[PDB]
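Asks: Chains as they are written, first to last, in UniProt numbering: chain A, 378 to 482; chain B, 326 to 482; chain C, 588 to 639; chain D, 998 to 1046.
The structure under discussion is supplied below as C-alpha cells; questions concerning it will follow.
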Amino acid sequence: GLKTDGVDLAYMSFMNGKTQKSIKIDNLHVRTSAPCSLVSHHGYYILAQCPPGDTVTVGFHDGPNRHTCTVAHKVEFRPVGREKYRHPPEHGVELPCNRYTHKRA
Amino acid sequence: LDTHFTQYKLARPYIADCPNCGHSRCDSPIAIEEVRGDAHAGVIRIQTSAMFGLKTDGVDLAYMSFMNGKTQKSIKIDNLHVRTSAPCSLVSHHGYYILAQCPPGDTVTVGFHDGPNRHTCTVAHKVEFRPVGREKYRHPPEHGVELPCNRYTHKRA
Amino acid sequence: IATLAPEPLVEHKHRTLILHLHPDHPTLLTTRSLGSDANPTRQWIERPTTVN
Amino acid sequence: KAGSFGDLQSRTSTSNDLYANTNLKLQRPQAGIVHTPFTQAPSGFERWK
C-alpha cells in the first residue's frame, strides 16, 4: 500500500529482517492454475481476478529473488445464472452477482 | 519481407474495445477479434487490432507498432505474450495478424509488454486441438505417422 | 457482466414442445407446468439435446 | 437447419451465393460500449467433426 510513512498505494512494504522494505510493487504475481489478474491492494489485503484453481499461489519479485508464497484453497467461479460457465464473457445479461469492490473507502 | 506493402504502408494499428482488458473492458490496440482454433496443429491464427510487423515506414517484421494516443508506436516486439490455459508459443506475425502455437483453452489471452505497463488483452473463445487421426490426443508428439492435417503457414508471401 | 445461453429452437407439436437445443456451456433448464400439478423438470444441459 | 449439418451451404468454393441458416441474431451492445453481439449457432460443420 502506502510506504512506511505516507505515499502511493502502488508501493510495496514487506518485512525483510525485523525491518520493513517500503519500495515499489514492480512485479507482483498472484496466480492459480493460470496467472491471475490483480484488481487492487489495500493494507494487508489484495483483490485479484483469478480463474478456478485447486490452489492459490502468490508472489512478487523483490529483484534479487523470486520470493513467492503458495497455499491450498479450493477455488471455483460459477457466474450467477443457470449457465455454468467457467469464465465471464464480454456480453450477456446483467444480474445480481456477489463480488468485491475496487475501492478502499 | 518487402512484398506486402499492400497492408504495411496503407494499414494502421487499429484500436478497439478489449472485453476483459485486465480489469474490465478497456480500449486496447491489441483488441482480439477472430480467434480461430479451427486447425489441428496446436496453432491459432489471431487478429489483433494492432498492426505489428514492419515499423511505420519500412523495416523489420520483428518490430512492434500499436496505437498509443491517436499515434502509432513502431518499436520492438520485446515481450509479446499470447496465452491460454497455458502460455502459448508464437509462430509468426504479419500485419494485424499473429499465428501462435497454443494448447486448448476455454479462453484466449493476449498481451505484450511496452515496458512501463503490462497492457494486455483477453477474450473468450472455445479452443481445442484434436490432431487428425483416430487418436484423441491433447498435444502433438515427437513421433508417429504423418497424415494430412489442417494448419496455418509460417509465411507471409 | 454475466452469462447468457444461445437461444432455443422452438418447434411445435400437438401440446408438445420439441426443442432442439444447443448451448455454449452447461445450462440448467427448468419449467413449471402451471397446473396445480406443478410437474417441474430440471436438467443441466451442456451436450446439445432435442428435448420434449 | 442452423446448427444442423449444412447450416452454411455453398454450391462450390467460388460461389459467392450460398444458404446460411445459422439463426444469426444480433443483440444490442451492453452499457454504452462499441461491440457487436452476434448470437449464433456454432456450425453444423463444427459438429459433424
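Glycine included, each C-beta is placed from N, C-alpha and C at the ideal position.
At what residues does the alpha helix (DSSP H) containing residue 330 of chain B begin and finish?
Replies: Indexing the second sequence from 1 puts residue 330 of chain B at position 5. 330-333 is the extent of the alpha helix (DSSP H) around residue 330 of chain B.
Asks: According to DSSP, what are the bridge partners of residue 430 of chain A?
Replies: Counting from one through the first sequence, the residue named residue 430 of chain A turns up at place 53. Residue 430 of chain A pairs with A/452.
Asks: Taking its Cβ as the centre, do 16 or more other Cβ atoms sit within 10 Å of residue 345 of chain B, making it buried, or is it exposed?
Replies: The residue you call residue 345 of chain B lines up with position 20 of the second sequence. Buried is the call here.
Asks: On the three-state DSSP scale, how would you describe residue 358 of chain B?
Replies: Residue 358 of chain B sits at position 33 when you count from the first residue of the second sequence. Note: residue 358 of chain B maps to strand in three-state DSSP.
Asks: Let me check one thing: in DSSP terms, what residues is residue 392 of chain A bridge-paired to?
Replies: The residue you call residue 392 of chain A lines up with position 15 of the first sequence. Its beta-bridge partners are A/397.
Asks: Does DSSP classify residue 407 of chain A as helix, strand or coil?
Replies: For this step, residue 407 of chain A is matched to residue 30 along the first sequence. Three-state result, residue 407 of chain A: strand.
Asks: Cβ closer than 8 Å: which chain D residues qualify as neighbours of residue 342 of chain B?
Replies: Taking the first residue of the second sequence as position 1, residue 342 of chain B is located at position 17. By Cβ distance, chain D contributes 1030, 1031 and 1032.
Asks: Looking at residue 1032 of chain D and residue 1026 of chain D, is the spacing between their C-beta atoms short of 9 Å?
Replies: Position 29 of the fourth sequence holds residue 1026 of chain D. Position 35 of the fourth sequence holds residue 1032 of chain D. Yes, the pair counts as a contact, with Cβ atoms nearer than the cut-off.
Asks: Looking only at C-alpha atoms, which of A/379, A/386 and A/448 sits nearest to residue 407 of chain A?
Replies: Here the question's residue 407 of chain A lines up with position 30 in the first sequence. That would be A/448, whose Cα lies nearest to the Cα of residue 407 of chain A.
Asks: Determine whether the Cβ of residue 613 of chain C lies closer than 9 Å to any Cβ atom of chain A.
Replies: Reading the third sequence from its first residue, position 26 is the one you call residue 613 of chain C. Chain A, which has a Cβ nearer than 9 Å to the Cβ of residue 613 of chain C, makes this yes.
Asks: Determine the DSSP secondary structure at residue 464 of chain B, reduced to helix, strand or coil.
Replies: Locating residue 464 of chain B in the second sequence gives position 139, where the first residue counts as 1. Here residue 464 of chain B sits in coil by DSSP.
Asks: In terms of DSSP beta bridges, what is residue 608 of chain C paired with?
Replies: Your numbering for residue 608 of chain C matches position 21 in the third sequence. According to DSSP, residue 608 of chain C bridges with C/636.
Asks: Alpha carbon to alpha carbon, how far is residue 370 of chain B from residue 451 of chain A?
Replies: Sequence index remark: in the second sequence, residue 370 of chain B carries index 45 (1-based). Sequence index remark: in the first sequence, residue 451 of chain A carries index 74 (1-based). Cα to Cα, residue 370 of chain B sits roughly 34 Å from residue 451 of chain A.
Asks: Taking residue 453 of chain A as the query, report the chain G residues whose CB atoms sit under 9 Å from its CB, ordered along the chain.
Replies: Of the protein chains in this structure, namely A, B, C and D, none is chain G.
Asks: Could you pull the DSSP bridge partners for residue 372 of chain B from this structure?
Replies: Taking the second sequence and counting its residues from 1, one reaches residue 372 of chain B at position 47. B/358 and B/422.
Asks: Expressed to the nearest angstrom, what Euclidean distance is found between the alpha-carbon atoms of residue 597 of chain C and residue 632 of chain C?
Replies: Within the third sequence, the letter at position 10 stands for residue 597 of chain C. Within the third sequence, the letter at position 45 stands for residue 632 of chain C. Going from the Cα of residue 597 of chain C to the Cα of residue 632 of chain C covers about 16 Å.
Asks: If we count the other Cβ atoms within 10 Å of its Cβ and call it buried at 16 or more, is residue 464 of chain B buried or exposed?
Replies: For the purposes of this step, residue 464 of chain B is taken as residue 139 along the second sequence, with counting starting at 1. Exposed, because fewer than 16 other Cβ atoms sit within 10 Å of the Cβ of residue 464 of chain B.
Asks: Can you list, in chain order, the residues of its chain with a C-beta nearer than 6 Å to that of residue 454 of chain B? Leave out the 5 residues immediately preceding and following it.
Replies: The sequence position of residue 454 of chain B within the second sequence is 129, counting from 1. Cβ neighbours of residue 454 of chain B beyond the five flanking positions: 367 and 429.
Asks: Please list the partners that residue 345 of chain B has in chain A, where partner means a Cβ-to-Cβ separation under 9 Å.
Replies: Residue numbering aside, residue 345 of chain B sits at position 20 when the second sequence is read from its first letter. What residue 345 of chain B touches in chain A: 414, 426, 464, 465, 466 and 467.
Asks: Quick one, which residues of the stretch 343-370 of chain B are near chain D if we go by CB-CB under 7 Å, in chain order?
Replies: Under the 7 Å Cβ criterion, the stretch 343-370 of chain B contributes 350.
Asks: Quick one: give me the first and last residue of the beta strand (DSSP E) that residue 1016 of chain D is part of.
Replies: Start at 1 with the first residue of the fourth sequence, and residue 1016 of chain D comes out as number 19. Run containing residue 1016 of chain D: 1015-1017, per the beta strand (DSSP E) assignment.
Asks: Is it the case that the Cβ atoms of residue 1037 of chain D and residue 593 of chain C are separated by a distance below 9 Å?
Replies: One-based indexing of the fourth sequence puts residue 1037 of chain D at position 40. One-based indexing of the third sequence puts residue 593 of chain C at position 6. Going by C-beta atoms, residue 1037 of chain D is nearer than 9 Å to residue 593 of chain C.
Asks: Does any residue of chain A have a CB that is nearer than 9 Å to the CB of residue 633 of chain C?
Replies: To locate residue 633 of chain C, count along the third sequence from 1; it is residue 46. Yes, residue 633 of chain C lies at the interface with chain A (some Cβ there is under 9 Å from its Cβ).
Asks: Counting only beta-carbon atoms, is residue 456 of chain A nearer than 9 Å to chain C?
Replies: Locating residue 456 of chain A in the first sequence gives position 79, counting from the first residue. Yes, because at least one Cβ of chain C sits closer than 9 Å to the Cβ of residue 456 of chain A.
Asks: Could you tell me the boundaries of the beta strand (DSSP E) in which residue 596 of chain C lies?
Replies: For the purposes of this step, residue 596 of chain C is taken as the residue at position 9 of the third sequence. Start and end: 596-600.
Asks: CB residue 615 of chain C to CB residue 629 of chain C, shorter than 9 Å?
Replies: Residue mapping note: residue 615 of chain C aligns to position 28 of the third sequence, counting from 1. Residue mapping note: residue 629 of chain C aligns to position 42 of the third sequence, counting from 1. A contact, by the Cβ cut-off of 9 Å.
Asks: What are the residues that DSSP puts in a beta bridge with residue 378 of chain B?
Replies: On the second sequence, position 53 is the one that residue 378 of chain B refers to. Bridge partners of residue 378 of chain B: B/388.
Asks: Output, in chain order, the set of chain C residues within a Cβ distance shorter than 7 Å of residue 1036 of chain D.
Replies: Here residue 1036 of chain D refers to the residue found at position 39 when the fourth sequence is read from its first residue. The contacting residues are 593 and 594.
Asks: Alpha carbon to alpha carbon, what distance is there between residue 354 of chain B and residue 437 of chain B?
Replies: Stepping through the second sequence from its first residue, residue 437 of chain B is reached at position 112. Stepping through the second sequence from its first residue, residue 354 of chain B is reached at position 29. When rounded, the distance between both Cα atoms is 11 Å.
Asks: At what residues does the beta strand (DSSP E) containing residue 1006 of chain D begin and finish?
Replies: Looking up residue 1006 of chain D in the fourth sequence gives position 9. It spans 1005-1007 - the beta strand (DSSP E) in which residue 1006 of chain D sits, taken as one unbroken run.
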